[PDB]
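Novice: Pasting a structure below so you can have a look.
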Amino acid sequence: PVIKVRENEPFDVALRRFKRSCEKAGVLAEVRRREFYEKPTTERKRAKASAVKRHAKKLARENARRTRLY
Amino acid sequence: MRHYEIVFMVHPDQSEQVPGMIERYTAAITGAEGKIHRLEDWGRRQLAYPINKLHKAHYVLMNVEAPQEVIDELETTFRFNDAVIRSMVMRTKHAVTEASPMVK
Amino acid sequence: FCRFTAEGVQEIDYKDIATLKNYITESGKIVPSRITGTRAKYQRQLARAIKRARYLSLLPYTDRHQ
Amino acid sequence: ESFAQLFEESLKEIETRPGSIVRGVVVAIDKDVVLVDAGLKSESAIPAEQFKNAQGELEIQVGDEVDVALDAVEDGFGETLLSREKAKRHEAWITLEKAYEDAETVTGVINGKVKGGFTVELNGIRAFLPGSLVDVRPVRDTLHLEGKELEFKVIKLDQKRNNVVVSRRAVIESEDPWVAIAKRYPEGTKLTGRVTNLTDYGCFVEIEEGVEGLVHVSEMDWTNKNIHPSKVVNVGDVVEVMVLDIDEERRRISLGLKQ
Amino acid sequence: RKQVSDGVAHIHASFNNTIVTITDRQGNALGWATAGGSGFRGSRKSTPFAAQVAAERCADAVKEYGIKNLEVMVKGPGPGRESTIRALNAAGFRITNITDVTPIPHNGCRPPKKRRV
Amino acid sequence: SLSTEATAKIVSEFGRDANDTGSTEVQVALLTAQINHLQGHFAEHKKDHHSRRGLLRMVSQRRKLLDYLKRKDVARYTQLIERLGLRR
RNA sequence: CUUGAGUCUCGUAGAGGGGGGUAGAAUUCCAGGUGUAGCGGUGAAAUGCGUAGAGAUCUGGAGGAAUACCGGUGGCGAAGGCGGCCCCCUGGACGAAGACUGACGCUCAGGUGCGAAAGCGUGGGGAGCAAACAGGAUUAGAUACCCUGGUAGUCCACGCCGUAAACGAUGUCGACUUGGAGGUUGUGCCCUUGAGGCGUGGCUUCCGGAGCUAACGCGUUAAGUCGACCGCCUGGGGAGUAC
């Protein structure tokens with residue numbers, strides 16, 4: 001996330017840009033992930049579980065949507 | 001026999017020595033009835049990251065249909081030769097005679 | 001919306017650095033096939049090419065390193 | 001018999017997929033929903049806003065015929081994509097007509113450049129063009145009487161992404177998105193883009209030849225968090241948006257709307 | 001002491017404590033300050049405010065060097081990350097570059113085990 | 001795997017028509033050659049278990065073929081086993 | 001005899017296996033520079049490391065281990081499992097047409113092999129992590145959870161061990177029975193007029209019909225409808241223990 005302040009650019013704006021860049025990188029997230037050792041099994045489980053959740057969100061909810069709430 | 005594709009990188013202070021080296025390499029290939037389908041001196045080039053403390057290096061591409069013994073020999077030569085920093089002998093299916101996109 | 005299907009390329013080239021550069025991050029990382037919309041078969045090839053390039057110092061492993 | 005088989009291939013022959021054949025007769029009007037029947041499986045729920053012309057009031061009663069569009073079938077129940085896009089093809093045909101005699105003539109009136117090219121509006125629609133196209137020379141329509149009447153002489157069109165810059169006054173004078181993503185780049189180039197779907201965090205305005213923009217929720221207005229983008233703008237509407245940010249790598253052009 | 005116009009601010013932002021170190025462009029440290037040093041302990045020093053004040057302190061310390069331009073290198077995850085740089089800006093250096101320099105391995109060493117809480 | 005040319009040669013020798021290829025005897029020969037080739041490999045690479053599985057399978061197949069030959073036509077089988085030098 | 005089974009031709013994708021090289025990031029240590037009082041850690045602390053100059057920061061070196069991004073209810077493998085890049089040796093799968101062989105097949109008690117992790121033996125290696133151990137907390141106690149350290153081990157070679165919720169808790173092989181939405185990998189035709197259109201094969205994720213089921217659920221990858229062979233069960237404990 002290397003950044004250079006442009007000529008006649010505000011500080012705040014620059015900071016914001018930097019933040020955005022960082023977010024894009026996913027650096028903080030990566031750091032968080034590597035704080036502690038995740039057993040392979042655990043890693044697998046999370047990934048599959050997450051996937052399942054995503055699938056549920058996509059399809060079941062869509063089905064629900066077809067019918068009106070009131 | 002087997003169509004290899006070689007790219008080796010020479011140290012930029014030895015850039016005037018490069019042609020001779022290339023010739024030598026070619027000669028060896030020829031020796032075992034090996035063809036050399038393309039050969040492209042890319043020249044001095046800025047490295048994406050400084051390998052062995054230096055920022056530029058001299059890239060040579062070379063495509064060869066040769067037996068594997070000769071390839072092995074070439075590799076050995078590269079490894080011991082201190083002028084050549086990196087090499088990357090790399091198999092290929094066909095002869096691929098047409099020029100590279102960075103030459104064009 | 002894959003590029004390589006439309007172009008109809010047989011194999012992605014590590015030497016074709018410019019092309020690679022579209023699929024690499026500002027931070028050097030290889031861009032996901034969700035974002036680029038690259039076909040799966042091609043994506044792997046592209047990745048491989050990028051890796052090769054990195055070995056040859058044609059592409060950088062990362063933005064920071066020097 | 002084969003009467004029906006022949007009738008089927010006949011009816012295949014006498015329809016096409018896009019909004020091309022002006023076939024749907026308006027068979028019920030109620031504010032705010034028009035509805036047609038172009039020989040499809042169901043009737044369209046048409047907005048009223050694809051059919052009022054240039055000052056706000058409706059133009060077509062019962063029996064009237066506009067084609068709509070297609071290639072999308074069944075979201076649960078119903079049939080179409082809107083006929084207003086239909087209209088775009090007609091506009092494209094008129095723009096194309098230029099090529100024949102190397103001069104399309106209508107009226108073009110362009111007061112100012114959102115992103116470096118005066119805006120030209122033809123009939124109901126208004127389009128944005130690159131900065132040169134508005135004036136033949138360095139004349140500049142800022143000194144001209146505001147929203148002046150000329151025509152449009154075309155300067156530049158982008159051929160994939162739809163941006164057309166046209167020539168006001170001077171009657172006498174006569175893979176693919178992502179490599180060179182530096183055209184609308186530089187900091188704040190305003191664009192005219194139709195929104196597609198508002199994902200409760202976003203709005204997804206994306207027009208410029210196969211890209212994706214967001215204008216997510218933070219700008220959108222001059223209130224931050226309580227906004228809910230469906231209330232505040234639209235669905236399917238061409239708006240004020242500019243880039244504010246491009247990553248050509250993780251294809252996320254992050255546009256804005258608070259400007 | 002020799003005055004220097006341009007330098008780097010290294011911001012080591014941990015979860016527990018922020019450390020700001022102003023150095024010349026070559027690497028040689030001029031001054032430093034910490035949230036733990038600024039009179040904050042435990043709960044307090046792991047905060048943005050603490051980080052900011054550390055930064056301020058650091059800035060104060062490198063007054064004699066007469067530093068106008070400054071590039072910032074931000075390391076680690078923490079509260080003292082945005083705040084610290086803001087503080088620095090306030091203190092009145094022209095911030096030139098804002099770099100992130102978190103050490104991300106490319107899967108190298110095994111991290112320590114996960115805490116059971 | 002066995003090189004194309006080698007395979008062709010094998011086919012020509014053992015096969016009656018030379019276009020045949022699927023003759024039991026021919027198949028056996030092909031198997032046998034492959035086995036022979038792989039012996040060298042496996043002397044070197046004793047822990048290559050996965051590869052060895054394939055070899056084992058091939059051997060089994062060959063054995064089966066031999067058995068089949070035996071019940072059908074004994075003389076031919078005998079000839080084959082003389083040619084290849086298969087103890088059984 | 002050719003429909004099962006196999007052989008040949010040309011391609012295809014692949015973390016399939018074995019061997020040998022190499023690359024970059026990061027941690028640790030060593031040497032040196034800059035620099036000055038804290039660092040570290042937690043819920044909060046303390047042990048611990050620090051003015052014998054730590055932490056921070058820059059330069060150079062050593063060494064080991066693992067391979068960010070790609071990366072996906074993606075792929076390959078009989079299962080166990082397999083993930084940077086390159087080369088060498090090597091097994092399987094699938095498709096396209098043909099050509100050939102002509103039931104050569106399926107299953108399998110004993111038997112033989114492969115078989116995570118930990119563990120064992122001998123010889124190497126040892127960065128990080130960490131059973132044991134030590135100290136600091138917490139607590140009524142704390143032979144734990146948390147913290148600071150930390151040795152076997154993890155890594156390599158060659159042997160042994162032969163077990164795991166070794167799971168889809170679902171033996172293998174074959175046939176037959178409504179559908180939808182995908183993923184992946186071929187391949188035939190079609191104006192590829194464009195990212196497409198119409199098929200046809202392989203493997204695969206989810207939902208659901210008939211039917212089945214104690215229900216939960218399974219549902220063309222069956223737990224449906226059948227056939228072939230094998231393995232196994234007969235109340236709970238005692239016990240997968242004793243001899």
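By order in the structure tokens, chains are A, B, ...; within a chain, residues start at 1; ligands start at 1, following the order shown.
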Can you build me a table of range 7-116 of chain E residues sitting at most 6 Å from range 21-42 of chain G, with the closest atom pair per residue and its distance in Å to one decimal, using only C-alpha atoms (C1' of nucleotides), sorted by chain and residue number, as a Markdown table?
Specialist:
```
| residue | atom | partner | partner_atom | distance |
| --- | --- | --- | --- | --- |
| E:28 | CA | G:34 | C1' | 4.0 |
| E:29 | CA | G:34 | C1' | 5.0 |
| E:105 | CA | G:26 | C1' | 4.0 |
| E:106 | CA | G:25 | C1' | 5.1 |
| E:108 | CA | G:26 | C1' | 6.0 |
| E:109 | CA | G:27 | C1' | 6.0 |
```
Novice: Select residues of chain G: the criterion is any atom within 9 Å of an atom of chain B, counting only C-alpha atoms (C1' of nucleotides); output as a ChimeraX atom specification.
Specialist: /G:86-88
Novice: Distance CA of residue 62 in chain F-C1' of residue 76 in chain G, one decimal place?
Specialist: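 Pair CA of residue 62 in chain F / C1' of residue 76 in chain G returns 26.8 Å.
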Novice: Please identify all polymer residues within 12 Å of residue 55 in chain F, counting only C-alpha atoms (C1' of nucleotides), omitting same-chain residues fewer than 4 positions from it, and present them as number ranges by chain.
Specialist: F: 1, 31-39, 41-42, 48-51, 59-62; G: 90-92
Novice: Could you make a table, as a Markdown table, of the residues of chain A that have an atom within 8 Å of an atom of chain C, each with its nearest atom pair and distance in Å to one decimal, counting only C-alpha atoms, in chain and number order?
Specialist:
```
| residue | atom | partner | partner_atom | distance |
| --- | --- | --- | --- | --- |
| A:1 | CA | C:27 | CA | 6.2 |
| A:2 | CA | C:63 | CA | 7.3 |
| A:25 | CA | C:27 | CA | 7.1 |
```
Novice: With C-alpha atoms retained, could you export that selection as a tab-separated table (two decimals), in the first residue's frame?
Specialist:
```
chain	number	residue	atom	x	y	z
A	1	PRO	CA	0.00	0.00	0.00
A	2	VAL	CA	2.70	2.52	-1.03
A	25	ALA	CA	-4.94	-5.12	0.24
```
Novice: Could you tell me which residues of chain D sit within 12 Å of chain A when counting only C-alpha atoms, and give me the result as an mmCIF file with N, CA, C and O atoms, in the first residue's frame?
Specialist:
```cif
data_model
loop_
_atom_site.group_PDB
_atom_site.id
_atom_site.type_symbol
_atom_site.label_atom_id
_atom_site.label_comp_id
_atom_site.auth_asym_id
_atom_site.auth_seq_id
_atom_site.Cartn_x
_atom_site.Cartn_y
_atom_site.Cartn_z
ATOM 1 N N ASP D 75 -38.689 -14.231 -14.142
ATOM 2 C CA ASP D 75 -38.051 -13.976 -12.852
ATOM 3 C C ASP D 75 -38.886 -14.591 -11.712
ATOM 4 O O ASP D 75 -38.512 -14.525 -10.543
ATOM 5 N N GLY D 76 -40.016 -15.183 -12.088
ATOM 6 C CA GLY D 76 -40.963 -15.799 -11.183
ATOM 7 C C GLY D 76 -42.228 -15.827 -12.018
ATOM 8 O O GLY D 76 -42.759 -16.882 -12.361
ATOM 9 N N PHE D 77 -42.699 -14.624 -12.335
ATOM 10 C CA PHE D 77 -43.870 -14.408 -13.183
ATOM 11 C C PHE D 77 -43.754 -13.071 -13.915
ATOM 12 O O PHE D 77 -43.526 -12.045 -13.282
ATOM 13 N N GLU D 187 -9.064 12.332 -12.041
ATOM 14 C CA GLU D 187 -9.486 12.251 -10.652
ATOM 15 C C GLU D 187 -11.002 12.169 -10.535
ATOM 16 O O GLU D 187 -11.527 11.410 -9.717
ATOM 17 N N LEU D 244 -13.900 9.124 -9.066
ATOM 18 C CA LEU D 244 -13.329 9.217 -7.713
ATOM 19 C C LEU D 244 -12.228 8.215 -7.368
ATOM 20 O O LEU D 244 -11.415 8.511 -6.487
ATOM 21 N N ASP D 245 -12.138 7.095 -8.093
ATOM 22 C CA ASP D 245 -11.174 6.030 -7.814
ATOM 23 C C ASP D 245 -11.249 4.958 -8.894
ATOM 24 O O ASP D 245 -12.341 4.489 -9.214
ATOM 25 N N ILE D 246 -10.116 4.521 -9.430
ATOM 26 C CA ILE D 246 -10.044 3.301 -10.231
ATOM 27 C C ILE D 246 -8.891 2.484 -9.679
ATOM 28 O O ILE D 246 -7.771 2.989 -9.550
ATOM 29 N N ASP D 247 -9.171 1.177 -9.489
ATOM 30 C CA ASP D 247 -8.192 0.072 -9.413
ATOM 31 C C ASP D 247 -8.395 -0.670 -10.732
ATOM 32 O O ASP D 247 -9.485 -1.254 -10.894
ATOM 33 N N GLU D 249 -6.602 -3.233 -11.496
ATOM 34 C CA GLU D 249 -6.264 -4.596 -11.024
ATOM 35 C C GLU D 249 -7.517 -5.302 -10.465
ATOM 36 O O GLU D 249 -8.018 -6.181 -11.196
ATOM 37 N N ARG D 250 -8.034 -4.990 -9.262
ATOM 38 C CA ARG D 250 -9.202 -5.684 -8.619
ATOM 39 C C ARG D 250 -10.502 -4.942 -8.963
ATOM 40 O O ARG D 250 -11.272 -4.646 -8.043
ATOM 41 N N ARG D 251 -10.737 -4.826 -10.273
ATOM 42 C CA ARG D 251 -11.656 -4.083 -11.158
ATOM 43 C C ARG D 251 -12.619 -3.340 -10.292
ATOM 44 O O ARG D 251 -13.835 -3.474 -10.587
ATOM 45 N N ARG D 252 -12.175 -2.589 -9.268
ATOM 46 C CA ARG D 252 -13.257 -1.942 -8.539
ATOM 47 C C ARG D 252 -13.170 -0.434 -8.776
ATOM 48 O O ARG D 252 -12.497 0.282 -8.037
ATOM 49 N N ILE D 253 -13.858 0.046 -9.809
ATOM 50 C CA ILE D 253 -14.011 1.483 -9.944
ATOM 51 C C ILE D 253 -15.094 1.934 -8.977
ATOM 52 O O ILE D 253 -16.256 1.517 -9.067
ATOM 53 N N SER D 254 -14.715 2.804 -8.046
ATOM 54 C CA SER D 254 -15.573 3.208 -6.929
ATOM 55 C C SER D 254 -16.101 4.614 -7.187
ATOM 56 O O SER D 254 -15.532 5.590 -6.706
#
```
Novice: Identify, on the basis of only C-alpha atoms (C1' of nucleotides), every residue whose closest approach to residue 10 in chain A does not exceed 12 Å; exclude the query and any residue fewer than 5 positions from it along the same chain; express the result as a PyMOL selection string.
Specialist: (chain A and resi 4-5+15-17) or (chain E and resi 89+94-96)
Novice: Using only C-alpha atoms, find the residues of chain A whose closest atom to chain E is at most 10 Å away, then write them as a short mmCIF file (atom, residue, chain, number, x, y, z; two decimals) with C-alpha atoms, in the first residue's frame.
Specialist:
```cif
data_model
loop_
_atom_site.label_atom_id
_atom_site.label_comp_id
_atom_site.auth_asym_id
_atom_site.auth_seq_id
_atom_site.Cartn_x
_atom_site.Cartn_y
_atom_site.Cartn_z
CA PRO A 1 0.00 0.00 0.00
CA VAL A 2 2.70 2.52 -1.03
CA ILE A 3 1.25 6.01 -1.57
CA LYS A 4 2.56 9.49 -2.44
CA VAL A 5 0.77 12.75 -1.56
CA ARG A 6 -0.12 14.59 -4.79
CA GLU A 7 0.72 18.28 -5.32
CA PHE A 11 -3.89 15.57 4.21
CA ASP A 12 -7.25 14.09 5.18
CA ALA A 14 -4.55 11.35 1.39
CA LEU A 15 -5.19 9.52 4.66
CA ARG A 16 -8.55 8.31 3.36
CA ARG A 17 -6.91 7.07 0.17
CA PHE A 18 -4.29 5.21 2.19
CA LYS A 19 -7.00 3.60 4.29
CA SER A 21 -5.66 1.02 -0.26
CA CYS A 22 -5.08 -0.88 2.98
CA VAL A 27 -3.54 -6.45 5.15
CA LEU A 28 -5.15 -6.09 8.56
CA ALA A 29 -7.36 -9.11 7.88
CA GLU A 30 -4.33 -11.14 6.82
CA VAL A 31 -2.52 -10.15 10.01
CA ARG A 32 -5.52 -11.18 12.09
CA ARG A 33 -5.64 -14.53 10.32
CA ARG A 34 -1.94 -15.21 11.00
CA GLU A 35 -2.08 -14.20 14.69
CA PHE A 36 -2.72 -17.79 15.78
CA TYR A 37 -2.37 -21.21 14.20
CA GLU A 38 -5.53 -22.58 12.69
CA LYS A 39 -5.55 -26.37 12.48
#
```
Novice: If you run DSSP on the backbone here, which positions in chain B get strand (DSSP E or B)? Please write them as a PyMOL selection string.
Specialist: chain B and resi 2-10+35-51+54-66+84-87+90-92
Novice: Mind checking which residues fall within 9 Å of range 37-45 of chain C, counting only C-alpha atoms (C1' of nucleotides), ignoring those fewer than 4 positions away in the same chain, and posting them as a ChimeraX atom specification?
Specialist: /C:1-5,11-13,32-33,49-50 /G:13,70,74,184-185
Novice: Please, could you write that set of residues out with C-alpha atoms (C1' of nucleotides) as a PDB file, in the first residue's frame?
Specialist:
```pdb
ATOM      1  CA  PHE C   1     -16.354 -12.059 -19.442  1.00  0.00           C
ATOM      2  CA  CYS C   2     -12.999 -13.785 -20.024  1.00  0.00           C
ATOM      3  CA  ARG C   3     -10.359 -12.216 -22.304  1.00  0.00           C
ATOM      4  CA  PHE C   4      -8.508 -15.452 -23.138  1.00  0.00           C
ATOM      5  CA  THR C   5     -11.604 -17.246 -24.433  1.00  0.00           C
ATOM      6  CA  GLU C  11      -1.330 -20.829 -23.648  1.00  0.00           C
ATOM      7  CA  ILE C  12      -0.690 -17.691 -21.553  1.00  0.00           C
ATOM      8  CA  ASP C  13       2.878 -16.345 -21.841  1.00  0.00           C
ATOM      9  CA  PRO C  32      -9.149 -13.278  -8.171  1.00  0.00           C
ATOM     10  CA  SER C  33     -11.155 -14.922 -10.950  1.00  0.00           C
ATOM     11  CA  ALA C  49       2.783 -17.399 -15.818  1.00  0.00           C
ATOM     12  CA  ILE C  50       2.838 -14.703 -13.153  1.00  0.00           C
TER      13      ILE C  50
ATOM     14  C1'   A G  13      -6.909 -31.286 -17.616  1.00  0.00           C
ATOM     15  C1'   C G  70      -3.902 -17.467  -7.281  1.00  0.00           C
ATOM     16  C1'   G G  74     -11.995 -26.077  -7.588  1.00  0.00           C
ATOM     17  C1'   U G 184     -15.426 -28.378 -13.588  1.00  0.00           C
ATOM     18  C1'   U G 185     -13.158 -30.860 -17.787  1.00  0.00           C
TER      19        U G 185
END
```
Novice: Have a look at CA of residue 190 in chain D and CA of residue 208 in chain D and let me know their distance in Å, one decimal.
Specialist: 11.7 Å
Novice: Name the residues in contact with residue 25 in chain F at a cut-off of 7 Å, using only C-alpha atoms (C1' of nucleotides), excluding same-chain residues fewer than 3 positions from it; report them as JSON, numbers by chain.
Specialist: {"F": [14, 28, 29, 80]}
Novice: Report as a short mmCIF file (atom, residue, chain, number, x, y, z; two decimals) with C-alpha atoms, in the first residue's frame: the residues of chain E with a DSSP assignment of alpha helix (DSSP H), based on the backbone of this structure.
Specialist:
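And here's out.cif as it stands now:
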```
data_model
loop_
_atom_site.label_atom_id
_atom_site.label_comp_id
_atom_site.auth_asym_id
_atom_site.auth_seq_id
_atom_site.Cartn_x
_atom_site.Cartn_y
_atom_site.Cartn_z
CA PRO E 48 -5.83 5.66 19.52
CA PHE E 49 -5.57 8.64 21.85
CA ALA E 50 -2.51 7.19 23.56
CA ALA E 51 -0.89 6.54 20.18
CA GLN E 52 -1.59 10.12 19.13
CA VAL E 53 0.00 11.52 22.21
CA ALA E 54 3.04 9.27 21.74
CA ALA E 55 3.34 10.60 18.20
CA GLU E 56 3.09 14.17 19.48
CA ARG E 57 5.81 13.48 22.03
CA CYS E 58 8.04 12.03 19.32
CA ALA E 59 7.48 15.10 17.16
CA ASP E 60 8.38 17.36 20.08
CA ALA E 61 11.56 15.36 20.67
CA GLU E 82 -4.68 6.41 11.57
CA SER E 83 -4.68 8.42 14.80
CA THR E 84 -0.90 8.54 15.04
CA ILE E 85 -0.49 9.85 11.51
CA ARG E 86 -3.17 12.48 12.13
CA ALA E 87 -1.29 13.57 15.25
CA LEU E 88 1.94 13.78 13.27
CA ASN E 89 0.23 15.90 10.62
CA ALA E 90 -1.12 18.22 13.31
CA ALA E 91 2.35 18.56 14.80
#
```
